[PDB]
$ cat structure_2.txt   # compact mmCIF, C-alpha atoms and all ligand atoms
# COMPACT_ATOMS: atom_id res chain seq x y z
CA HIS X 1 0.00 0.00 0.00
CA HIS X 2 1.26 3.45 -0.94
CA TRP X 3 -1.02 5.92 0.70
CA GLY X 4 -0.09 9.34 1.84
CA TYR X 5 -1.26 12.92 2.01
CA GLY X 6 -0.33 14.24 -1.48
CA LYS X 7 -2.57 14.95 -4.56
CA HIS X 8 -1.96 11.52 -5.95
CA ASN X 9 -2.15 9.36 -2.84
CA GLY X 10 -4.03 11.50 -0.34
CA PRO X 11 -7.27 10.97 1.58
CA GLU X 12 -9.51 11.26 -1.52
CA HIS X 13 -7.76 8.15 -2.92
CA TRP X 14 -7.82 5.93 0.12
CA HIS X 15 -11.18 4.34 -0.54
CA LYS X 16 -9.86 2.35 -3.49
CA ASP X 17 -7.58 0.16 -1.37
CA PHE X 18 -9.60 0.67 1.83
CA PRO X 19 -13.29 0.79 0.97
CA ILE X 20 -14.26 1.32 4.66
CA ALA X 21 -13.00 4.89 3.99
CA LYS X 22 -16.62 5.58 2.95
CA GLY X 23 -18.11 3.67 5.95
CA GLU X 24 -20.66 4.54 8.52
CA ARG X 25 -18.37 5.49 11.42
CA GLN X 26 -15.33 7.23 9.90
CA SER X 27 -13.11 9.73 11.66
CA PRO X 28 -12.34 12.53 12.11
CA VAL X 29 -15.54 14.58 12.26
CA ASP X 30 -16.53 18.17 12.88
CA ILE X 31 -17.73 18.64 16.46
CA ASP X 32 -20.67 21.02 16.40
CA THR X 33 -20.71 22.40 19.89
CA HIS X 34 -24.33 23.45 19.56
CA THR X 35 -25.55 19.95 18.70
CA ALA X 36 -23.40 17.84 21.04
CA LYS X 37 -25.45 17.08 24.13
CA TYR X 38 -24.24 16.97 27.71
CA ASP X 39 -24.58 13.32 28.91
CA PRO X 40 -24.97 13.11 32.71
CA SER X 41 -24.49 9.40 32.49
CA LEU X 42 -20.77 9.68 31.49
CA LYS X 43 -18.56 8.50 34.37
CA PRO X 44 -15.52 10.47 35.35
CA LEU X 45 -12.46 10.13 32.97
CA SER X 46 -9.40 8.46 34.46
CA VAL X 47 -5.98 8.99 32.90
CA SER X 48 -3.45 6.86 34.87
CA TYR X 49 -0.04 7.48 33.26
CA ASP X 50 2.17 7.39 36.46
CA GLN X 51 3.88 4.13 35.50
CA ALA X 52 4.18 4.84 31.75
CA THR X 53 7.26 3.32 30.09
CA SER X 54 8.15 5.00 26.80
CA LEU X 55 10.61 3.13 24.62
CA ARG X 56 11.29 4.59 21.25
CA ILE X 57 10.25 7.19 18.68
CA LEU X 58 9.80 6.27 15.06
CA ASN X 59 9.32 8.17 11.77
CA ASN X 60 6.94 5.91 9.81
CA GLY X 61 6.75 8.11 6.71
CA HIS X 62 3.30 9.41 7.70
CA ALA X 63 3.87 10.82 11.24
CA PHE X 64 6.11 9.92 14.16
CA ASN X 65 5.09 7.56 16.84
CA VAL X 66 6.23 7.59 20.48
CA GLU X 67 5.89 3.95 21.55
CA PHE X 68 5.20 2.54 25.02
CA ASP X 69 5.57 -0.76 26.71
CA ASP X 70 2.04 -2.20 26.79
CA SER X 71 2.93 -5.73 28.01
CA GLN X 72 1.22 -4.80 31.38
CA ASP X 73 -1.23 -2.18 32.81
CA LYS X 74 1.37 0.62 33.23
CA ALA X 75 -0.33 3.61 31.54
CA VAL X 76 -4.13 3.19 31.19
CA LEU X 77 -7.25 5.13 30.28
CA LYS X 78 -10.57 4.16 32.03
CA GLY X 79 -13.88 5.79 32.87
CA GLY X 80 -15.68 8.36 30.81
CA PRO X 81 -17.60 6.42 28.16
CA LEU X 82 -15.33 3.38 28.47
CA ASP X 83 -16.03 -0.04 29.96
CA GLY X 84 -12.91 -1.66 31.31
CA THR X 85 -9.30 -0.85 30.88
CA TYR X 86 -7.42 0.54 27.89
CA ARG X 87 -3.63 0.39 27.67
CA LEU X 88 -1.51 3.15 26.12
CA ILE X 89 0.47 1.79 23.15
CA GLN X 90 1.60 4.91 21.38
CA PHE X 91 1.04 8.56 20.60
CA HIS X 92 1.48 10.63 17.51
CA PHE X 93 0.42 13.95 16.02
CA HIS X 94 -1.13 15.38 12.87
CA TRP X 95 -0.09 18.92 11.84
CA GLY X 96 -0.22 21.54 9.13
CA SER X 97 2.02 23.53 6.84
CA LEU X 98 0.60 26.74 8.40
CA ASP X 99 -0.83 27.44 11.88
CA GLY X 100 -4.43 27.64 10.48
CA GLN X 101 -4.67 23.94 9.69
CA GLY X 102 -3.43 20.63 10.91
CA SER X 103 -5.99 19.16 13.22
CA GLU X 104 -8.22 16.29 12.10
CA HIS X 105 -11.20 16.94 14.32
CA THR X 106 -12.60 20.43 14.00
CA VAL X 107 -14.70 22.44 16.47
CA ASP X 108 -17.49 24.38 14.84
CA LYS X 109 -15.36 24.02 11.67
CA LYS X 110 -12.37 25.54 13.44
CA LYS X 111 -9.06 23.84 12.51
CA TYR X 112 -6.28 23.84 15.08
CA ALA X 113 -2.52 23.86 14.28
CA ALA X 114 -2.17 20.26 15.26
CA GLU X 115 -3.75 17.32 17.05
CA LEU X 116 -2.27 14.76 19.40
CA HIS X 117 -3.58 11.16 19.40
CA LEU X 118 -2.89 9.04 22.45
CA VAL X 119 -3.81 5.50 21.29
CA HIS X 120 -5.02 2.86 23.82
CA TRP X 121 -6.33 -0.70 23.33
CA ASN X 122 -8.97 -2.64 25.31
CA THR X 123 -7.19 -5.25 27.43
CA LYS X 124 -10.14 -7.63 27.23
CA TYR X 125 -8.91 -8.43 23.74
CA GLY X 126 -5.41 -9.41 24.74
CA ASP X 127 -3.36 -7.56 22.09
CA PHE X 128 -3.61 -4.58 19.77
CA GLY X 129 -4.10 -6.57 16.59
CA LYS X 130 -7.12 -8.37 18.04
CA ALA X 131 -8.48 -5.16 19.52
CA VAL X 132 -8.64 -3.34 16.17
CA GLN X 133 -11.02 -6.05 14.87
CA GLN X 134 -13.61 -5.06 17.56
CA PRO X 135 -16.01 -2.07 17.61
CA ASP X 136 -14.85 -1.25 21.15
CA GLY X 137 -11.24 -2.18 20.72
CA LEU X 138 -9.48 1.20 20.94
CA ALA X 139 -9.85 4.48 22.80
CA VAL X 140 -8.04 7.44 21.31
CA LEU X 141 -7.60 10.54 23.43
CA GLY X 142 -7.42 13.53 21.10
CA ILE X 143 -5.86 16.84 22.18
CA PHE X 144 -5.78 19.98 20.11
CA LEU X 145 -2.67 22.11 19.78
CA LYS X 146 -2.75 25.88 19.24
CA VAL X 147 0.26 28.12 18.75
CA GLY X 148 1.08 30.41 21.66
CA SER X 149 3.34 29.73 24.62
CA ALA X 150 5.71 26.79 24.59
CA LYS X 151 4.72 23.48 26.06
CA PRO X 152 7.64 22.35 28.26
CA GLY X 153 6.50 18.75 28.35
CA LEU X 154 6.74 18.67 24.54
CA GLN X 155 10.25 19.92 24.22
CA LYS X 156 11.96 16.50 24.65
CA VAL X 157 9.93 15.36 21.67
CA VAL X 158 10.84 18.30 19.43
CA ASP X 159 14.51 17.94 20.40
CA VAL X 160 14.80 14.35 19.21
CA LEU X 161 13.17 15.01 15.75
CA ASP X 162 16.51 15.92 14.17
CA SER X 163 17.53 12.26 14.76
CA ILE X 164 14.48 10.74 12.95
CA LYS X 165 14.18 13.08 10.04
CA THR X 166 13.34 10.50 7.40
CA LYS X 167 11.05 7.46 6.97
CA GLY X 168 12.25 4.38 8.78
CA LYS X 169 14.45 6.19 11.32
CA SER X 170 13.93 5.53 15.01
CA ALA X 171 15.59 6.66 18.23
CA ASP X 172 15.64 5.53 21.86
CA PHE X 173 12.98 7.56 23.75
CA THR X 174 12.88 6.33 27.30
CA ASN X 175 11.57 8.04 30.40
CA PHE X 176 9.21 10.39 28.55
CA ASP X 177 6.21 11.40 30.72
CA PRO X 178 3.06 11.70 28.62
CA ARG X 179 1.35 13.56 31.49
CA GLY X 180 3.22 16.68 30.31
CA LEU X 181 1.15 16.81 27.18
CA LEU X 182 -2.27 17.12 28.90
CA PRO X 183 -4.25 20.34 29.36
CA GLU X 184 -5.62 21.28 32.80
CA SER X 185 -9.20 20.22 32.15
CA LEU X 186 -10.34 16.71 31.13
CA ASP X 187 -13.68 18.01 29.81
CA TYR X 188 -14.31 16.06 26.58
CA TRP X 189 -16.52 15.14 23.67
CA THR X 190 -16.98 11.50 22.78
CA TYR X 191 -18.30 9.63 19.78
CA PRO X 192 -17.78 6.27 18.00
CA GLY X 193 -15.39 6.27 15.07
CA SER X 194 -12.37 5.00 13.35
CA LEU X 195 -8.58 5.04 12.84
CA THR X 196 -7.84 8.15 10.77
CA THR X 197 -5.10 6.41 8.69
CA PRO X 198 -5.39 3.24 6.62
CA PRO X 199 -6.62 0.68 7.48
CA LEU X 200 -9.33 3.07 8.76
CA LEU X 201 -10.84 0.42 10.95
CA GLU X 202 -14.04 1.26 12.79
CA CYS X 203 -12.78 0.25 16.24
CA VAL X 204 -12.32 3.56 18.12
CA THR X 205 -14.13 5.29 20.97
CA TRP X 206 -12.95 8.84 20.44
CA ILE X 207 -12.47 11.06 23.46
CA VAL X 208 -11.53 14.65 22.36
CA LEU X 209 -10.54 17.15 25.03
CA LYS X 210 -12.21 20.52 24.79
CA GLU X 211 -9.21 22.39 26.16
CA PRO X 212 -6.33 22.72 23.69
CA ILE X 213 -2.73 22.83 24.77
CA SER X 214 -0.52 25.67 23.65
CA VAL X 215 2.77 25.04 21.91
CA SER X 216 5.25 27.56 20.51
CA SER X 217 5.69 28.53 16.91
CA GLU X 218 9.31 27.25 17.24
CA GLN X 219 8.04 23.87 18.51
CA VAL X 220 5.58 23.34 15.59
CA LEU X 221 8.16 24.64 13.11
CA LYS X 222 10.41 21.73 14.11
CA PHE X 223 7.56 19.27 13.41
CA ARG X 224 7.44 20.72 9.94
CA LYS X 225 11.13 19.95 9.28
CA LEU X 226 10.50 16.23 9.30
CA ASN X 227 10.37 14.31 6.09
CA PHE X 228 7.82 11.89 4.58
CA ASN X 229 10.60 10.53 2.33
CA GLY X 230 13.35 8.09 3.21
CA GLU X 231 17.08 8.95 3.57
CA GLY X 232 18.66 9.87 0.26
CA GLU X 233 15.36 10.51 -1.52
CA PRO X 234 14.06 13.90 -2.68
CA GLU X 235 12.86 15.98 0.23
CA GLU X 236 9.10 16.08 0.89
CA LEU X 237 8.42 17.89 4.05
CA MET X 238 6.14 16.10 6.55
CA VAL X 239 3.36 18.66 6.66
CA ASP X 240 -0.42 18.46 6.25
CA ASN X 241 -0.58 14.85 7.42
CA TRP X 242 -4.23 15.21 8.50
CA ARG X 243 -7.44 13.60 7.18
CA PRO X 244 -10.28 16.05 6.82
CA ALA X 245 -13.63 15.75 8.53
CA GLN X 246 -15.87 12.79 7.40
CA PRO X 247 -19.63 12.51 7.38
CA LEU X 248 -21.20 12.12 10.84
CA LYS X 249 -23.94 9.86 9.52
CA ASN X 250 -26.02 8.23 12.23
CA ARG X 251 -23.89 9.28 15.18
CA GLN X 252 -24.25 11.52 18.23
CA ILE X 253 -21.39 13.39 19.83
CA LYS X 254 -21.80 13.54 23.62
CA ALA X 255 -20.26 16.16 25.93
CA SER X 256 -18.99 15.41 29.40
CA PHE X 257 -19.60 19.00 30.51
CA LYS X 258 -22.56 21.43 30.64
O1 LIG W 1 -4.74 6.03 12.60
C1 LIG W 1 -4.17 5.78 13.71
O2 LIG W 1 -4.28 6.46 14.76
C2 LIG W 1 -3.49 4.47 13.90
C3 LIG W 1 -2.91 4.12 15.10
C4 LIG W 1 -2.28 2.90 15.25
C5 LIG W 1 -2.18 2.03 14.20
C6 LIG W 1 -2.75 2.41 13.03
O3 LIG W 1 -2.68 1.60 11.93
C7 LIG W 1 -2.82 0.23 11.94
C8 LIG W 1 -3.71 -0.41 12.75
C9 LIG W 1 -3.83 -1.77 12.64
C10 LIG W 1 -3.10 -2.46 11.73
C11 LIG W 1 -2.22 -1.81 10.89
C12 LIG W 1 -2.08 -0.44 10.99
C13 LIG W 1 -3.41 3.60 12.85
ZN ZN W 2 -3.83 10.06 14.54

$ encode --input "structure_2.txt" --output "structure tokens" --more "lines below"
Ligand SMILES: O=C(O)c1cccc(Oc2ccccc2)c1
Ligand SMILES: [Zn+2]
Amino acid sequence: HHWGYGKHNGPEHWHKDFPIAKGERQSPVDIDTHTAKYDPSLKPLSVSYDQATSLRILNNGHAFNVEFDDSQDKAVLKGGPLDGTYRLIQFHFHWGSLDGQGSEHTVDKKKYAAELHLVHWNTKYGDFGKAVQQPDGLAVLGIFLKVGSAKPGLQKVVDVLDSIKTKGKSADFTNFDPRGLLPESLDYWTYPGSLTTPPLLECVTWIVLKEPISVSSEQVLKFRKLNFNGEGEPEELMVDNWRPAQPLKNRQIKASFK
């Protein structure tokens, strides 16, 4: 498969190899704040990242992933809309070429500069590959980034990007604390959806925080110096690696807050 974000291999093309691209629960979506309803039934959200064990950071030619040890319940997401326990496996971002675009989810059609995806899998299914075959297999915590003040807890990420410039490069990335990427409030919207990259599987409970984090222009500029290409190939800057909003179809977005 040779998908990407360009004219010739971008999101409009994905449905030919991945027909679920035109499915009934695709992500991202626009979150219309005047149609999402507060749901008093939602339990409190629980982000338990104290024992998180980061391992490595990888440029996969589409984004970069920070990878965690998920062989036990070290960093887990529970509560909110979720039943049971979801283990953190990795995070990554989507970002733009300019500060006015980059997020995947939008808020009243507003695009943020970037969006962070913290990807977790349901432990009742034993492993990630089994979990993605289930409608409740994953929970992705989505966090918007806006440009303003620097985010200190991001800086160790931006500083390692020089070492994974091109597709296929990885670097050791131990002792990174994903708590430093969270906003103050855990107020969220939730809806059922999908992976936003091929294979676009419809296995995700999305939990999108209302409060963005601020990052500096210098920080996001360094994201934009990555490369989609491999070493010794012509340079294609890793920018605009976001899928646009997909049809909501027969889905309701619920708010955790009034
Ligand atoms: O779009 C994402 O957030 C995402 C996150 C993790 C993995 C992933 O892609 C695969 C999932 C299962 C099998 C092969 C690839 C996509
Ligand atoms: Zn993502």

$ residues_around --input "structure_2.txt" --residues "stretch 2-11 of chain X" --least-positions-apart "5" --cutoff "10 Å" --atoms "all atoms listed in the file" --output "VMD selection string"
chain X and resid 17 21 61 to 62 196 to 198 228 236 238 to 244

$ residues_around --input "structure_2.txt" --residues "residue X:50" --least-positions-apart "2" --cutoff "7 Å" --atoms "only C-alpha atoms" --output "ChimeraX atom specification"
/X:48,52,75

$ axis_aligned_box --input "structure_2.txt" --around "ligand LIG 1 (chain W)" --padding-each-side "4 Å" --output "JSON"
{"center_x": -3.4, "center_y": 2.0, "center_z": 13.1, "size_x": 10.7, "size_y": 16.9, "size_z": 12.4}

$ closest_atom_pairs --input "structure_2.txt" --of "stretch 160-194 of chain X" --to "stretch 28-40 of chain X" --cutoff "12 Å" --atoms "all atoms listed in the file" --output "Markdown table"
| residue | atom | partner | partner_atom | distance |
| --- | --- | --- | --- | --- |
| X:187 | CA | X:38 | CA | 10.8 |
| X:188 | CA | X:38 | CA | 10.0 |
| X:189 | CA | X:36 | CA | 7.8 |
| X:190 | CA | X:36 | CA | 9.2 |
| X:191 | CA | X:29 | CA | 9.4 |
| X:192 | CA | X:28 | CA | 10.2 |
| X:193 | CA | X:28 | CA | 7.6 |
| X:194 | CA | X:28 | CA | 7.6 |

$ atom_distance --input "structure_2.txt" --atom1 "atom CA of residue X:252" --atom2 "atom CA of residue X:86"
22.3 Å

$ build_atoms --input "structure_2.txt" --residues "stretch 142-158 of chain X" --atoms "N, CA, C and O atoms" --output "PDB file, keeping the file's coordinate frame"
ATOM      1  N   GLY X 142      -7.788  12.515  22.034  1.00  0.00           N
ATOM      2  CA  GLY X 142      -7.420  13.530  21.100  1.00  0.00           C
ATOM      3  C   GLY X 142      -7.266  14.869  21.767  1.00  0.00           C
ATOM      4  O   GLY X 142      -8.146  15.226  22.567  1.00  0.00           O
ATOM      5  N   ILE X 143      -6.177  15.552  21.493  1.00  0.00           N
ATOM      6  CA  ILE X 143      -5.860  16.840  22.180  1.00  0.00           C
ATOM      7  C   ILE X 143      -5.465  17.806  21.123  1.00  0.00           C
ATOM      8  O   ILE X 143      -4.525  17.549  20.379  1.00  0.00           O
ATOM      9  N   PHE X 144      -6.150  18.937  21.053  1.00  0.00           N
ATOM     10  CA  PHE X 144      -5.780  19.980  20.110  1.00  0.00           C
ATOM     11  C   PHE X 144      -4.571  20.780  20.569  1.00  0.00           C
ATOM     12  O   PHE X 144      -4.389  20.971  21.726  1.00  0.00           O
ATOM     13  N   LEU X 145      -3.778  21.191  19.592  1.00  0.00           N
ATOM     14  CA  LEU X 145      -2.670  22.110  19.780  1.00  0.00           C
ATOM     15  C   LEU X 145      -2.942  23.419  19.049  1.00  0.00           C
ATOM     16  O   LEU X 145      -3.256  23.439  17.865  1.00  0.00           O
ATOM     17  N   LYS X 146      -2.720  24.527  19.790  1.00  0.00           N
ATOM     18  CA  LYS X 146      -2.750  25.880  19.240  1.00  0.00           C
ATOM     19  C   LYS X 146      -1.372  26.474  19.455  1.00  0.00           C
ATOM     20  O   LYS X 146      -0.663  26.055  20.346  1.00  0.00           O
ATOM     21  N   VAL X 147      -1.050  27.495  18.655  1.00  0.00           N
ATOM     22  CA  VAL X 147       0.260  28.120  18.750  1.00  0.00           C
ATOM     23  C   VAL X 147       0.176  29.324  19.714  1.00  0.00           C
ATOM     24  O   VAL X 147      -0.733  30.183  19.584  1.00  0.00           O
ATOM     25  N   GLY X 148       1.067  29.326  20.678  1.00  0.00           N
ATOM     26  CA  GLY X 148       1.080  30.410  21.660  1.00  0.00           C
ATOM     27  C   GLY X 148       2.329  30.228  22.450  1.00  0.00           C
ATOM     28  O   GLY X 148       3.395  30.220  21.887  1.00  0.00           O
ATOM     29  N   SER X 149       2.192  30.020  23.750  1.00  0.00           N
ATOM     30  CA  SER X 149       3.340  29.730  24.620  1.00  0.00           C
ATOM     31  C   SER X 149       3.839  28.319  24.424  1.00  0.00           C
ATOM     32  O   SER X 149       3.053  27.440  24.105  1.00  0.00           O
ATOM     33  N   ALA X 150       5.137  28.103  24.650  1.00  0.00           N
ATOM     34  CA  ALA X 150       5.710  26.790  24.590  1.00  0.00           C
ATOM     35  C   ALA X 150       5.170  25.821  25.619  1.00  0.00           C
ATOM     36  O   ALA X 150       4.762  26.208  26.733  1.00  0.00           O
ATOM     37  N   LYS X 151       5.116  24.540  25.222  1.00  0.00           N
ATOM     38  CA  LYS X 151       4.720  23.480  26.060  1.00  0.00           C
ATOM     39  C   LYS X 151       5.974  22.741  26.523  1.00  0.00           C
ATOM     40  O   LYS X 151       6.602  21.975  25.748  1.00  0.00           O
ATOM     41  N   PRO X 152       6.353  22.947  27.801  1.00  0.00           N
ATOM     42  CA  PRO X 152       7.640  22.350  28.260  1.00  0.00           C
ATOM     43  C   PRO X 152       7.687  20.865  28.117  1.00  0.00           C
ATOM     44  O   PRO X 152       8.727  20.333  27.680  1.00  0.00           O
ATOM     45  N   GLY X 153       6.594  20.185  28.445  1.00  0.00           N
ATOM     46  CA  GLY X 153       6.500  18.750  28.350  1.00  0.00           C
ATOM     47  C   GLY X 153       6.569  18.192  26.940  1.00  0.00           C
ATOM     48  O   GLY X 153       6.757  17.026  26.777  1.00  0.00           O
ATOM     49  N   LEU X 154       6.510  19.054  25.928  1.00  0.00           N
ATOM     50  CA  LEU X 154       6.740  18.670  24.540  1.00  0.00           C
ATOM     51  C   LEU X 154       8.170  18.771  24.074  1.00  0.00           C
ATOM     52  O   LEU X 154       8.544  18.173  23.063  1.00  0.00           O
ATOM     53  N   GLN X 155       8.987  19.568  24.771  1.00  0.00           N
ATOM     54  CA  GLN X 155      10.250  19.920  24.220  1.00  0.00           C
ATOM     55  C   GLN X 155      11.151  18.686  24.024  1.00  0.00           C
ATOM     56  O   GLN X 155      11.875  18.684  23.087  1.00  0.00           O
ATOM     57  N   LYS X 156      11.090  17.661  24.871  1.00  0.00           N
ATOM     58  CA  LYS X 156      11.960  16.500  24.650  1.00  0.00           C
ATOM     59  C   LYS X 156      11.588  15.796  23.344  1.00  0.00           C
ATOM     60  O   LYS X 156      12.444  15.302  22.615  1.00  0.00           O
ATOM     61  N   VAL X 157      10.308  15.852  23.001  1.00  0.00           N
ATOM     62  CA  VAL X 157       9.930  15.360  21.670  1.00  0.00           C
ATOM     63  C   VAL X 157      10.532  16.171  20.531  1.00  0.00           C
ATOM     64  O   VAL X 157      11.120  15.615  19.608  1.00  0.00           O
ATOM     65  N   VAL X 158      10.380  17.490  20.556  1.00  0.00           N
ATOM     66  CA  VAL X 158      10.840  18.300  19.430  1.00  0.00           C
ATOM     67  C   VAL X 158      12.349  18.157  19.337  1.00  0.00           C
ATOM     68  O   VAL X 158      12.904  18.146  18.254  1.00  0.00           O
TER      69      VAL X 158
END
